[PDB]
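Below: the structure, in structure tokens.
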RNA sequence: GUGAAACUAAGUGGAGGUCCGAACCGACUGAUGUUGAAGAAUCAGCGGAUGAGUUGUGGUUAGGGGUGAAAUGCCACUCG
RNA sequence: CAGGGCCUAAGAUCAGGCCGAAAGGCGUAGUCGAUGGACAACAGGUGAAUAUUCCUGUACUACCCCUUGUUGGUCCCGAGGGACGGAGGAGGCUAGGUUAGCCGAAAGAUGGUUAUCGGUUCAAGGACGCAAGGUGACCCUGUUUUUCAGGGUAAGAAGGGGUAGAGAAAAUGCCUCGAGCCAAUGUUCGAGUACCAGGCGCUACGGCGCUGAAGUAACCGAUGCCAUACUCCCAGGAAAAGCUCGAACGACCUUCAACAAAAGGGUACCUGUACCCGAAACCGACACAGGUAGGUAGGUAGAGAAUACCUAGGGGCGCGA
RNA sequence: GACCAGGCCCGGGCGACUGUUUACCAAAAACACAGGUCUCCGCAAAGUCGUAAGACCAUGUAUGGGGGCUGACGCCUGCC
Ligand SMILES: [Mg+2]
Ligand SMILES: [Mg+2]
Ligand SMILES: [Mg+2]
Ligand SMILES: [Mg+2]
Ligand SMILES: [Mg+2]
Ligand SMILES: [Mg+2]
Ligand SMILES: [Mg+2]
Ligand SMILES: [Mg+2]
Ligand SMILES: [Mg+2]
Ligand SMILES: [Mg+2]
Ligand SMILES: [Mg+2]
Ligand SMILES: [Mg+2]
Ligand SMILES: [Mg+2]
Ligand SMILES: [Mg+2]
Ligand SMILES: [Mg+2]
Ligand SMILES: [Mg+2]
Ligand SMILES: [Mg+2]
Ligand SMILES: [Mg+2]
Ligand SMILES: [Mg+2]
Ligand SMILES: [Mg+2]
Ligand SMILES: [Mg+2]
Ligand SMILES: [Mg+2]
Ligand SMILES: [Mg+2]
Ligand SMILES: [Mg+2]
Ligand SMILES: [Mg+2]
Ligand SMILES: [Mg+2]
Ligand SMILES: [Mg+2]
Ligand SMILES: [Mg+2]
Ligand SMILES: [Mg+2]
Ligand SMILES: [Mg+2]
Ligand SMILES: [Mg+2]
Ligand SMILES: [Mg+2]
Ligand SMILES: [Mg+2]
Ligand SMILES: [Mg+2]
Ligand SMILES: [Mg+2]
Ligand SMILES: [Mg+2]
Ligand SMILES: [Mg+2]
Ligand SMILES: [Mg+2]
Ligand SMILES: [Mg+2]
Ligand SMILES: [Mg+2]
Ligand SMILES: [Mg+2]
Ligand SMILES: [Mg+2]
Ligand SMILES: [Mg+2]
Ligand SMILES: [Mg+2]
Ligand SMILES: [Mg+2]
Ligand SMILES: [Mg+2]
Ligand SMILES: [Mg+2]
Ligand SMILES: [Mg+2]
Ligand SMILES: [Mg+2]
Ligand SMILES: [Mg+2]
Ligand SMILES: [Mg+2]
Ligand SMILES: [Mg+2]
Ligand SMILES: [Mg+2]
Ligand SMILES: [Mg+2]
Ligand SMILES: [Mg+2]
Ligand SMILES: [Mg+2]
Ligand SMILES: [Mg+2]
Ligand SMILES: [Mg+2]
Ligand SMILES: [Mg+2]
Ligand SMILES: [Mg+2]
Ligand SMILES: [Mg+2]
Ligand SMILES: [Mg+2]
Ligand SMILES: [Mg+2]
Ligand SMILES: [Mg+2]
Ligand SMILES: [Mg+2]
Ligand SMILES: [Mg+2]
Ligand SMILES: [Mg+2]
Ligand SMILES: [Mg+2]
Ligand SMILES: [Mg+2]
Ligand SMILES: [Mg+2]
Ligand SMILES: [Mg+2]
Ligand SMILES: [Mg+2]
Ligand SMILES: [Mg+2]
Ligand SMILES: [Mg+2]
Ligand SMILES: [Mg+2]
Ligand SMILES: [Mg+2]
Ligand SMILES: [Mg+2]
Ligand SMILES: [Mg+2]
Ligand SMILES: [Mg+2]
Ligand SMILES: [Mg+2]
Ligand SMILES: [Mg+2]
Ligand SMILES: [Mg+2]
Ligand SMILES: [Mg+2]
Ligand SMILES: [Mg+2]
Ligand SMILES: [Mg+2]
Ligand SMILES: [Mg+2]
Ligand SMILES: [Mg+2]
Ligand SMILES: [Mg+2]
Ligand SMILES: [Mg+2]
Ligand SMILES: [Mg+2]
Ligand SMILES: [Mg+2]
Ligand SMILES: [Mg+2]
Ligand SMILES: [Mg+2]
């Protein structure tokens, strides 16, 4: 019943960083190539989706 | 006939979960999925515990096979499940061993079975556990025995040699009228976790060898075909030289 | 000799039923906390809703 | 059994950073006999209780921590009923 | 009712991919809208509504692929 | 209180192991992983912005401390338990509501009238307790079988004890003891100098200080509770820990050391906590006629959570004339 | 007496039926279905996925598992 454009919904930050998070890029080889690549371009943030396990941004 | 007991230690929840998905997670065996949660009953197919006197306490439903299953006790207090033989009634006594009476539910090697008997739950391999004739109403006659080898006629009609030292059980497998059921509606299939099947002729040419012709397709294929490109009808798939071949005599008709 | 067994078994029964019942309100309180109208005060501001 | 390891390894002399003096805290002192101390984020309650119990020599009832949105731990230290708050208020230089 | 059984009112019972209809899921007709209030909506009606139902959270399957009650449909407004 | 210091599901990673140009793929123990198991707190008050968190009352878990009582305890292991569907209706109850009764105030410029307006509230928890409820085998006689009445049978229910087999507990078999049992709710404490209609006084005319009457009964009645209680059905309805029990095997620890108990005192880990959340704060590029799980469920009519008009509470749609 | 709140009857085609479908121009006579029938497969099964190891099928065993056509029930299914 929701419009096509709604692809990004409200999803638990926990779930996202279990997908695009830091500790996941570190697992695969291709991810490590990712991080070398981003460091080369020199981005301020390596992993956009990430998340404190506990803290102010924590998802329980 | 069917009355639910509490749970004996024989009933667990551990199992494969995705039905028909392999390691890669791909659907391999098609059409499964959906359907009621089930628990695994640990059957005793081996019946390997010898020379103690077992007693049928109850008869119970099993979701996993279409036969019935019996809770049996012993004097030792161990409890097993066995496949329910046909005509067996609560209070009955069964036993396995070498020198044993021949009656319903008793289990013995093929050395000791009088020829012409009707058997179920048949090991092809010593101590591997019983394999052949485990479904409802399934039964196999022991026709002849010679040398180290005994001959059976399997419920498919196929006549085949096995080892004379492999255990088996007398009596045909119970719950014979199960295929006399008529499901009556779609839902009734879905309850069994069998999903709907699409006919080949219907799908697009990319999806399947009988692909969309204009209106309705006769199969122009010079032959009826698998989803994967092999002749659908009467092409024998048995591995040509498979080790079993010396054993197999007449083929099911 | 029967009065001993009866008073012992009623001591036991009083105990087990004490613990049981205690356990039961505890669970009820939990289910309510989960569902989320718990603290009876909460429920009494909203009775008229 | 063994030596008791403190939750982290800190240096106690840096954990209590300072009293927080605003209109808010002072009446918390008045009512509740409770001091207000900005402390190191990495610092816990057991460490704050030992620290202040030894430092000003007062027995402390209870400690309540907090973390600002700015990531600076803030601790309410409510002392016993015996030792008055305003005592330590004049001892420290916090004037109610 | 006959010796067995069949046959027939009665009560009890509460089956059903039963019926009517909100929530909820849909999307049949019309009107409006078309530099929209909105990159698919509002309005009045309309279909299912104990099931082959709806949904939440957490997962799986990935492009010579996946998934498909099969429309070349869907796979982040992108899919021969 | 919600997650973590507890346990596992789908799933993930995976020591060794198997395979593979490389990167890697499969896979066992292990370890992760809640949306589930386990586990202890409520009422009132304060309050520019927090409150089951701060204050006052009564509570409850887990440790430590003493007294007493025993001598082996701890883990590994063996077990019982935890532990489970759908549908259906009938009970027995509360939550709410309505009307009485009690108490206080009332004159609201009209033809009449007090028929009017307000109040009648209290939690977790602890002690008690359970029938017209529900369950407790059969046989004879009647009440429609039922709720019942007399007799009898000898385990015939929760619940306990014993024995036997390689056999501690368990399972299993034989013997025995028990007519009660179940649990919502209820009575009493908690609980009154709490709360509160009004009354008195101040007005920075915002709010404030002061004293406080009555505080019961009947009838409606849940979709909530007992309750995994029944009855029926086929499609047959999670695991593991805490928990209860226990010999041999292994490991480790041992005397004022450890464990067992009823009192008494003491002691109290991290992280979230603001605000919005049928949204001008999330998702729709907008202060966008849209999407967004769950909880609570008042009145009159009504079969109803539909509809219409209202309470509590919130609003008058950020261009007008 | 407001709001709320079925128009119905007689015919025929197609499809038995509840369902599913082309998000955003098509909801149907299309798909599914219970049922039917043909063929493969004796368990180290056939089939599917992988270079392989192995995984699914299945902790199943021919009253079971693949695959092809048709499509409830009734009457049938001719010749080459
Ligand atoms: Mg971004
Ligand atoms: Mg179970
Ligand atoms: Mg069990
Ligand atoms: Mg994978
Ligand atoms: Mg079919
Ligand atoms: Mg089909
Ligand atoms: Mg087509
Ligand atoms: Mg495919
Ligand atoms: Mg092709
Ligand atoms: Mg074709
Ligand atoms: Mg044509
Ligand atoms: Mg309402
Ligand atoms: Mg404060
Ligand atoms: Mg530091
Ligand atoms: Mg905190
Ligand atoms: Mg009726
Ligand atoms: Mg229906
Ligand atoms: Mg009607
Ligand atoms: Mg349309
Ligand atoms: Mg509409
Ligand atoms: Mg409708
Ligand atoms: Mg209608
Ligand atoms: Mg209609
Ligand atoms: Mg309807
Ligand atoms: Mg039904
Ligand atoms: Mg679901
Ligand atoms: Mg969806
Ligand atoms: Mg689809
Ligand atoms: Mg994109
Ligand atoms: Mg798209
Ligand atoms: Mg397209
Ligand atoms: Mg697992
Ligand atoms: Mg791996
Ligand atoms: Mg390795
Ligand atoms: Mg593993
Ligand atoms: Mg965890
Ligand atoms: Mg949880
Ligand atoms: Mg808790
Ligand atoms: Mg916890
Ligand atoms: Mg607030
Ligand atoms: Mg409060
Ligand atoms: Mg407190
Ligand atoms: Mg009080
Ligand atoms: Mg305690
Ligand atoms: Mg255990
Ligand atoms: Mg459960
Ligand atoms: Mg009821
Ligand atoms: Mg009442
Ligand atoms: Mg009245
Ligand atoms: Mg009166
Ligand atoms: Mg007047
Ligand atoms: Mg009144
Ligand atoms: Mg009480
Ligand atoms: Mg007590
Ligand atoms: Mg009674
Ligand atoms: Mg024993
Ligand atoms: Mg013994
Ligand atoms: Mg026993
Ligand atoms: Mg009544
Ligand atoms: Mg309902
Ligand atoms: Mg509800
Ligand atoms: Mg049941
Ligand atoms: Mg030992
Ligand atoms: Mg002990
Ligand atoms: Mg708060
Ligand atoms: Mg808040
Ligand atoms: Mg606006
Ligand atoms: Mg808006
Ligand atoms: Mg909105
Ligand atoms: Mg109403
Ligand atoms: Mg009406
Ligand atoms: Mg009424
Ligand atoms: Mg309404
Ligand atoms: Mg108003
Ligand atoms: Mg105008
Ligand atoms: Mg209408
Ligand atoms: Mg109607
Ligand atoms: Mg017609
Ligand atoms: Mg005609
Ligand atoms: Mg015509
Ligand atoms: Mg149709
Ligand atoms: Mg209909
Ligand atoms: Mg769909
Ligand atoms: Mg369309
Ligand atoms: Mg659709
Ligand atoms: Mg349609
Ligand atoms: Mg279609
Ligand atoms: Mg194979
Ligand atoms: Mg077959
Ligand atoms: Mg088939
Ligand atoms: Mg067709
Ligand atoms: Mg036909
Ligand atoms: Mg006919």
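What is the number of the single condition among (1) surrounded by fewer than 17 Cβ atoms within 10 Å (Cβ to Cβ); (2) under 19 Å from residue D:25 (Cβ atoms) that residue D:46 does not meet?
It fails just one condition, (2).
Output the qualifying pairs, or none if there are none: Cβ atoms under 6 angstrom, residues six or more apart or on different chains, first residue in region B:196-207 and over 16 Å from residue B:220 (Cα atoms) and outside the structural domain of residue B:228 (by CATH), second residue assigned to a loop (DSSP other than H, G, I, E, B) and within 16 Å of ligand 13 (Cβ to nearest atom).
Matching pairs, first to second residue: none at all.
Just wondering, is there one or more residues in region B:197-217 that are surrounded by 10 or more Cβ atoms within 10 Å (Cβ to Cβ) and away from ligand 9 (no atom under 16 Å from the Cβ)?
Yes: region B:197-217 contains one or more residues that are surrounded by 10 or more Cβ atoms within 10 Å (Cβ to Cβ) and away from ligand 9 (no atom under 16 Å from the Cβ).
Would you mind stating whether residue B:233 is within 25 Å of the chain's Cα centre (by Cα) and either closer than 30 Å to residue B:122 by Cβ or more than 9 Å from RNA strand G (Cβ to nearest atom) (or both)?
No.
Between residues in region B:218-242 that are farther than 25 Å from residue B:31 by Cβ and away from every other protein chain (no Cβ under 14 Å) and residues that are within 16 Å of RNA strand E (Cβ to nearest atom) and not in a loop (DSSP other than H, G, I, E, B), which pairs lie under 9 Å by C-beta distance while being six or more apart or on different chains?
Taking only residues 6 or more apart or on different chains, the pairs are B:218/B:201.
Specify the residue that is nearest to the other protein chains (Cβ to nearest Cβ); the eligible residues are those in region B:4-27 that are in contact with a strand residue (DSSP E or B) (Cβ under 9 Å, 6 or more places away or on another chain) and within 16 Å of ligand 3 (Cβ to nearest atom).
B:13
Which members of region B:60-81 meet the condition of being over 13 Å from the mean Cα position of the chain (by Cα) and in contact (Cβ under 8 Å) with a residue 60 or more places away in the chain?
Within region B:60-81, B:71, B:79, B:80, B:81 qualify.
Being within 14 Å of chain D (Cβ to nearest Cβ) and either surrounded by 11 or more Cβ atoms within 10 Å (Cβ to Cβ) or touching a residue at least 40 places away in the same chain (Cβ under 8 Å) (or both) is the filter here, so list the residues in region A:23-60 that pass it.
Step one: list which residues in region A:23-60 are within 14 Å of chain D (Cβ to nearest Cβ), which gives A:52, A:54-58.
A:52, A:57, A:58 - these are the residues of region A:23-60 that are within 14 Å of chain D (Cβ to nearest Cβ) and either surrounded by 11 or more Cβ atoms within 10 Å (Cβ to Cβ) or touching a residue at least 40 places away in the same chain (Cβ under 8 Å) (or both).
Checking the structure you have, find out if any residue of region B:20-32 is within 16 Å of ligand 6 (Cβ to nearest atom), in the same structural domain as residue B:84 (by CATH) and part of a loop (DSSP other than H, G, I, E, B).
Checked region B:20-32: at least one residue is within 16 Å of ligand 6 (Cβ to nearest atom), in the same structural domain as residue B:84 (by CATH) and part of a loop (DSSP other than H, G, I, E, B).
Output the residues belonging to region B:204-216 that are within 8 Å of RNA strand G (Cβ to nearest atom) and either within 23 Å of residue B:33 (Cβ to Cβ) or in contact with a helix residue (DSSP H, G or I) (Cβ under 6 Å, 6 or more places away or on another chain) (or both).
B:208, B:210
Against the conditions (1) closer than 23 Å to residue D:69 by Cα; (2) assigned to a loop (DSSP other than H, G, I, E, B), where does residue A:14 fall short? Just the number, please.
(2)
Can you work out which of the residues in region B:1-30 that are under 30 Å from residue B:227 (Cα atoms) and surrounded by 13 or more Cβ atoms within 10 Å (Cβ to Cβ) is nearest to ligand 7 (Cβ to nearest atom)?
B:27
Let's see how each residue does on (1) more than 16 Å from ligand 2 (Cβ to nearest atom); (2) free of Cβ contacts under 8 Å to residues at least 24 places away in the same chain; (3) touching a helix residue (DSSP H, G or I) at 6+ places or on another chain (Cβ under 8 Å); (4) closer than 30 Å to residue B:72 by Cα:
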{"site": "B:5", "(1), (2), (3), (4)": "no, no, no, yes"}
{"site": "B:11", "(1), (2), (3), (4)": "no, no, no, yes"}
{"site": "B:15", "(1), (2), (3), (4)": "no, no, no, yes"}
{"site": "B:21", "(1), (2), (3), (4)": "yes, yes, no, no"}
{"site": "B:26", "(1), (2), (3), (4)": "yes, yes, no, no"}
{"site": "B:47", "(1), (2), (3), (4)": "yes, no, no, yes"}
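Going through region B:139-186 one residue at a time, which ones are at negative phi, in a loop (DSSP other than H, G, I, E, B) and free of Cβ contacts under 8 Å to residues at least 60 places away in the same chain?
Hits for region B:139-186 are B:139, B:148, B:155, B:164, B:165, B:166, B:181, B:182, B:183, B:185.
I'm trying to understand the selection: among the residues of region B:231-253, which are surrounded by 10 or more Cβ atoms within 10 Å (Cβ to Cβ) and part of a loop (DSSP other than H, G, I, E, B)?
Going residue by residue through region B:231-253, those that are surrounded by 10 or more Cβ atoms within 10 Å (Cβ to Cβ) are B:231-232, B:238, B:244-245, B:247-252.
Across region B:231-253, the qualifying residues are B:232, B:238, B:247, B:251, B:252.
Evaluate the following for residue A:6: is it outside any loop (DSSP other than H, G, I, E, B) and exposed (fewer than 10 other Cβ atoms within 10 Å of the Cβ)? First the steps, then the outcome.
Working: outside any loop (DSSP other than H, G, I, E, B): yes; exposed (fewer than 10 other Cβ atoms within 10 Å of the Cβ): yes.
Considered against the rule, which asks whether it is outside any loop (DSSP other than H, G, I, E, B) and exposed (fewer than 10 other Cβ atoms within 10 Å of the Cβ), residue A:6 comes out as yes.
Just checking: which of the strands (runs of 3 or more DSSP E) contained wholly in region D:1-91 hold 2 or more residues that are within 14 Å of chain A (Cβ to nearest Cβ) and within 16 Å of ligand 11 (Cβ to nearest atom)?
Because the criterion is at least 2 residues that are within 14 Å of chain A (Cβ to nearest Cβ) and within 16 Å of ligand 11 (Cβ to nearest atom), no strands (runs of 3 or more DSSP E) in region D:1-91 meet it.
Tell me which of these residue B:57 doesn't satisfy, since it passes every other one: (1) in contact (Cβ under 8 Å) with a residue 40 or more places away in the chain; (2) assigned to a strand (DSSP E or B).
(1)
No Cβ is skipped: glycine too gets one built from the backbone with ideal geometry, and neighbour counts run over all protein chains shown. What is reported rests on the model, the rules as stated and the sources as named; no laboratory instrument gave them.
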